[PDB]
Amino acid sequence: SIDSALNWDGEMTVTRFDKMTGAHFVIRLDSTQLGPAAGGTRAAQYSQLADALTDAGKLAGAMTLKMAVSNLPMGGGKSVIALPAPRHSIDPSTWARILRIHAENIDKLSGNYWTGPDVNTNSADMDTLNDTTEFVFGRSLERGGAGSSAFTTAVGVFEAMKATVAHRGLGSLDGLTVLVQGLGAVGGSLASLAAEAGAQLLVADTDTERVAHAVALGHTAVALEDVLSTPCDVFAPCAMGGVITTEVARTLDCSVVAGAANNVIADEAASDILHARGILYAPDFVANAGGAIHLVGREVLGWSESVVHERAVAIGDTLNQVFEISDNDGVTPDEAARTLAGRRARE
């Protein structure tokens, strides 16, 4: 929206346009209160620049909250590269130039912003950024970074889901139906963990092959048009954000929402509807924090894989604290998590 694009209250917006490639670059630093802003680089097509600015600010604000609630000593920021075509259609030379330009932008911020991988960006891309700028997390193990954080993200979402299911009074995942929307690196691992815990998995993915394989694995596919109308115990959004609009909130047929996607809730009204309908939502910025715990924990705090896994497991306890505030103060989980974030941040 114009307001989210132009009247965003974050600390800083950085933009650049490269006529040659046709790409637009946006970096939004929401907060540097707890340390340098950090957040991944999302690369995607947007119908309008305002959309890219809007997304960047909402993602950057979620990162500030994620670091705060997760006890990580960093601020929140996010980069969005608005591509001139679908990522997959971008030629190598074009992609390379885009990364080079993005790295120059980050570099000018001189440590006030640290990037990482996100949608359509990977560790190889981090390595490429790193050929030009130091402020990059998520480089390959070979290049000095922590590599992939997907599994850690999946462990944390899985722990979140378990805590949420228990708090909702459903006991454990054994015997529950979990609908995973998105069979990516995180979604697929989450499906695996949940199935091992005894859940029956319903899966959806825009990639035919990904679905066919899950099915081959014993899971049941759900057609895209049926995702938001398929009954399940837990709805696990692991694909795009903004899934839960007011209308979706009103009609989702599940008891728990716990997934890996960022900015799951499209509006405040949606969150209140879920709450009113008895659908327990595990706040995205709390639930999917394993990625940030992995990268900041390992690269900034020097933690080993095992400690990072432990801390990701502790996302279940942070959620139990969130639900306790929610129940006590009578506010939605998202409000309670923001409250918890602020308390942990000593605000």
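Residue numbers here begin at 1 and follow the sequence given.
- Comparing 210 to 218 with 127 to 135, the higher mean C-alpha B-factor in the PDB entry belongs to 210 to 218.
- Stretches 229 to 237 and 115 to 123 differ in mean C-alpha B factor, with the higher average recorded for 229 to 237.
- Out of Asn288, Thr318, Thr64, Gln45, it is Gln45 whose C-alpha atom has the highest B-factor in the PDB entry.
- Of all the options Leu201, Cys254, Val165, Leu72, the entry's greatest CA B-factor is assigned to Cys254.
- In this PDB entry, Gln33 carries a Cα temperature factor that places it within the middle third of its chain's modelled residues.
- When the modelled residues of the chain are ordered by C-alpha B-factor, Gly278 sits in the highest third.
- Ranked by Cα temperature factor within the chain, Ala52 sits in the lowest third according to the deposited record.
- Among the modelled residues of its chain, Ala337 has a C-alpha B-factor that falls in the middle third, as given in the PDB entry.
- Compared with the other modelled residues of the chain, the Cα B-factor recorded for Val155 ranks in the lowest third.
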